[PDB]
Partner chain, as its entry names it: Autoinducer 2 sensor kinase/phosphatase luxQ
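Below sits a lone chain in structure tokens, taken as the form solved without the partner chain.
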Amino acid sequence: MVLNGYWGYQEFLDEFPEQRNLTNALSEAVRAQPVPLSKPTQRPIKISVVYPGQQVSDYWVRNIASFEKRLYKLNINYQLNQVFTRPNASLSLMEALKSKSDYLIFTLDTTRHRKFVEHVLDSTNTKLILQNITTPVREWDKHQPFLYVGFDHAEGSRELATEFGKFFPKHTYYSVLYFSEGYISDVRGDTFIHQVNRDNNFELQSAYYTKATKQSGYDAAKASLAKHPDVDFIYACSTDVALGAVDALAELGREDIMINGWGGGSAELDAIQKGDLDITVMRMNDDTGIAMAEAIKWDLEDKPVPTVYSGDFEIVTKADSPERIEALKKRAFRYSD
């Protein structure tokens, strides 16, 4: 719908019914009580994670939390090698190849990632798990990685777009704060822009990329409003960006402007309950960490493993009752607390 060379999550599942069967099976295995590993391993399995560090978004740390906890509950012996990638400056600390890991948990936002993934796929025996993407790549139809896991960007963005198009009318002005340049921005961003422009006839005033930090969100917001102060809402593509943007609106005295979150972590939820963030799409966070454990389990039991898993979203607005937020938290952080 927005990028060429990918399967839609649902498109994938519709094209390959077996994959729907597996992904459903995994969904159910992710919901039900832990069923421990049925095949003792001779030694620990070496699992390596590379994740973006020091984000205000708690997605990753909660993902590892819920992952490790489900691993433990499943009675799987492992060694976890975690890498904290400082907020951008190298990436050649993808030296976790030297680790000779059994499972590699990584991301795919840029091309700098693509090249490396193709390296991991065409060279090693290491099973690759791609977090925060759920739309498989067509070029890899012959050898797809072990699993794509996350909360589908297109869907979560679609739901937001829908809510905005429901609240605001035709010819509503808005600006967009992207993530850093890459896959996330393209999907999270252009999905919203296309829906809202073509279905609801809004008028995009401007759009800017950020450095994926709160500071950058703040700066970018300010610049955007300096150039186009007359918008009805800003659409942010991520937690930190949106939370910087919130400070920008606060400093500029612009309460007229609506702003969204994206993901519904703890920070966003506090902001929403404060009224600083107006709407968000909230991912049932722990499901994906728990899904990775289960996938790994089946693999060790020589059961077939789905290629894709996507977790559920819930729209959350500042008009929600604290009861609702509490229940969603109890659902979403049932492992990471």
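Numbering follows the first chain given and starts at 1.
Keep in mind that the form solved in complex with the partner chain is not shown, yet the notes after this line are about it.
- With the partner omitted here, the stretch from 256-264, 162-170, 145-153, 190-198 that lies within 4.5 Å of the partner chain by heavy atoms in the bound PDB entry is 190-198.
- Across the proposed site, 39, 102 and 129 without exception lack any heavy atom within 4.5 Å of the partner chain in the bound PDB entry.
- Using a 4.5 Å cutoff between non-hydrogen atoms, residue 207 counts as a contact of the partner chain in the bound PDB entry.
- Mapping the unseen interface onto this chain, residue 181 counts among the residues with a heavy atom inside 4.5 Å of the partner chain in the bound PDB entry.
- Residue contact with the partner chain in the bound PDB entry: residue 232 places no heavy atom within 4.5 Å of it.
- Residues 227, 228 of 212-243 are found to place at least one heavy atom within 4.5 Å of the partner chain in the bound PDB entry.
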